[PDB]
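Worksheet: one structure, shown below.
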Amino acid sequence: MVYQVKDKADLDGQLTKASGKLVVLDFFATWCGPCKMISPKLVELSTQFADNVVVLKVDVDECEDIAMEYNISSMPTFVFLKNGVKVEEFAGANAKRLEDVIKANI
């Protein structure tokens, strides 16, 4: 219930397929402490709103082109997309802001 994209292609197809749901892009790195901390909260939210939200994990080490396209420089970074529009974006493992944004756009 927390799909990890493989490339721009796998990502683009996912956004298209994500109909009218809120899409959360999680830009992370395995070696980044803050990312490991926030992951539990991500799984919880993902499960609680399984029908109104889709979470896409993007390993910046594997998808350099995507990380570069979104101009990522801090881990973790969350980009919120709803119907092709970027409704929000912020960096950092702020569990509280993550939940507020999800509940504010579903």
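Counting begins at 1 with the first residue of the sequence. For the numbers below, each heavy atom of this structure counts, side chains included, while hydrogens, waters and symmetry mates do not.
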Nearest atoms (heavy-atom pairs only) where [X] meets [Y]:
X: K8; Y: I66; result: N-CD1, 3.5 Å
X: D61; Y: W31; result: OD2-NE1, 3.5 Å
X: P34; Y: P76; result: CB-CD, 3.8 Å
X: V54; Y: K21; result: CG1-CB, 4.4 Å
X: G20; Y: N83; result: CA-OD1, 3.5 Å

Of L25, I38, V55, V101, the one forming a side chain to side chain contact (heavy atoms under 4.5 Å, CB included) with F78 is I38

Look only at the side chain of [X] and the backbone of [Y], and say whether a donor-acceptor pair between them is shorter than 3.5 Å.
X: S46; Y: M1; value: yes
X: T77; Y: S74; value: yes
X: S39; Y: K36; value: yes

Does NZ or CZ of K86 lie under 6.0 Å from the centre of the six-membered ring of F80, at an angle within 45° of the ring axis? no

Given the rule that I, L, V, M, F, W and Y join up when any side-chain heavy atoms are under 4.5 Å apart, are [X] and [Y] in one cluster?
X: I72; Y: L11; result: yes
X: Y3; Y: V43; result: no
X: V5; Y: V2; result: no
X: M75; Y: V79; result: yes

Worked check of side-chain contact (heavy atoms from CB on, under 4.5 Å) between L56 and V23: CA-CA 7 Å; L56 282 344; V23 178; 3.2 Å; yes

Evaluate the side-chain proximity of [Y] to [X]: yes if any heavy-atom separation is below 4.5 Å, no if none is.
X: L22; Y: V87; value: yes
X: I106; Y: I102; value: yes
X: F27; Y: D59; value: no
X: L45; Y: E99; value: yes
X: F28; Y: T30; value: yes
X: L15; Y: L81; value: yes

Taking atom CD of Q48 and atom NZ of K103, what is their separation to the nearest 0.5 Å? 5.5 Å

Measuring from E89:CD to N71:CG, what's the distance to the nearest 0.5 Å? 8.5 Å

Strictly below 4.0 Å, N to O, side chains only: are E62 and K57 in salt-bridge contact? no

Residue pair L42, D26: steps toward the side-chain contact (heavy atoms from CB on, under 4.5 Å) verdict: CA-CA 9 Å; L42 211 52; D26 174 8; 2.9 Å; yes

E69 atom CD, over 12 foreign heavy atoms within 6.0 Å: yes

